[PDB]
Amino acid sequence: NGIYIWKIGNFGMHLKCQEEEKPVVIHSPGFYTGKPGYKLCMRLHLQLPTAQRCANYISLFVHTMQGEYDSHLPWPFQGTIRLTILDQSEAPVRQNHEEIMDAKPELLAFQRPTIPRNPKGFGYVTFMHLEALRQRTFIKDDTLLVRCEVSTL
């Protein structure tokens, strides 16, 4: 049951990039569900204003990675992933923006990766609209916090 908090700082600049229709695609560092365990990372988009149905959305995907333990682990990957954008206000007035997905073992995304990062990710194109960001204190000190929680075994 691994937990990873991805600290995306200098966020105003990424936002200014998105506003100017310059793509923003970032990857979290790789993290392990355990030692031994699977290696995963997240991929985050700020969809461009010109991007058809998902313009101005944060996209958030989980990616499978080649890990030190891959030959000892069962494949394909199976579990429950919780993706959360953290509301950085004090606990009384706090509401995180969150989704829960089931890593279905039949997706290409959860087969054993054969390159450093599996290009097939799994997540939400329209995970959170950029304007929802301004509705609570999700950005604090120029930093967005993206938490990933993997329930596996």
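Don't overthink the numbering: it's just position in the shown sequence, from 1. Between two forms, the rigid core is the largest collection of C-alphas that superpose within 1.5 Å.
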**Report entry** Greatest C-alpha divergence in 5 other deposited structures of this protein once each structure is fitted on the rigid core, 84-92 or 44-52
**Finding:** 84-92
Report task. Look over 34-42 and 87-95 in the entry and identify the one with the greater average Cα temperature factor. Result -> 87-95
Query raised in the report: Mean C-alpha B-factor higher for 25-33, or for 100-108?
Result: 100-108
Query - Third of chain Cα B-factors occupied by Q52 - result: highest
Query raised in the report: Taking the C-alpha B-factors as the PDB entry records them, is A132 in the lowest, middle or highest third of its chain?
Result: middle
Report summary line: Assert third(CA B-factor, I139) within chain per record equals highest
Query - Relative C-alpha B-factor of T126, binned into the chain's lowest, middle or highest third - result: middle
